[PDB]
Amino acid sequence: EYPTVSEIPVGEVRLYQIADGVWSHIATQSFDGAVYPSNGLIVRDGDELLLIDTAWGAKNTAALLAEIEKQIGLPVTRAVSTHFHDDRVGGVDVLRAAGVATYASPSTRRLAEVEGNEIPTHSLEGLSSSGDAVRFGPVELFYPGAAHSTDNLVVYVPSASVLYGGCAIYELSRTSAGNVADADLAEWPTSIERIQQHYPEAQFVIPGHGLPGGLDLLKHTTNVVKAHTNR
């Protein structure tokens, strides 16, 4: 049922409804001569929508807005990018031109600027120390500490028990570490354990790339990260 990388041409976006007013968005992109999928989140907030992450580039993000209008038909008024990489902020300018208020932590904004990636406009305060949580409308934002990147956020939807782990969490099909150029390998498992301790009620866990699962994706990611650590 969940849209897979094989099913989505680059440039197109699928939505997957998880619960009343919660969807993931799934897009694909060429990377390393392969095609990889990438997930974001959409959460209804009243008669508006909160978007979590771009769809990995401007073209895809335009497709994302069009698919949202087609399938849901409510305005995206805010967006949060969960780290500074292009699968999270690539498309921010598209969102901004469409009237979306884009947000990220100051950590993410600083790193995006250094990197030459798009920079969300608004700053999310209160997330700079490991273990910090803040409410943002229908979600809670949580900074678990450095993992896939120094700035990685996770997002929890309490009404639906959905934990969006972003790229700090790997899908089960990934058995070897991926892009760790910006990672903190030493802290990554500790950061995962903070997610487990903060959201032990989570029922649906979404990795940055690939198929959702349950909280077992946390242990899985720790297993893979520790194996890479011991390479």
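When you see a residue number, it is the position in the sequence shown, counting from 1. Throughout, rigid core stands for the largest set of C-alpha atoms superposing within 1.5 Å between the two forms.
The stretch that moves more in 9 other deposited structures of this protein, judged by CA deviation after a rigid core superposition and choosing between 30-38 and 60-68, is 30-38. Averaged over their C-alpha atoms, the temperature factors of 182-190 and 38-46 are higher for 38-46.
Annotation for 24-32 versus 161-169: the higher mean temperature factor (C-alpha) is found in 24-32. Sorting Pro120, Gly91, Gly116, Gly145 by the CA temperature factor given in the entry leaves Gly116 at the top. The entry lists a Cα temperature factor for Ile72 that places it in the highest third of the chain's modelled residues.
Per the deposited record, the Cα B-factor of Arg110 falls in the highest third when ranked against the other modelled residues of its chain.
Ranked by C-alpha B-factor against the other modelled residues of its chain, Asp132 falls in the middle third. When the CA B factors of the chain's modelled residues are split into thirds, the value for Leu211 lands in the middle one. Compared with the other modelled residues of the chain, the Cα B-factor recorded for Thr229 ranks in the lowest third.
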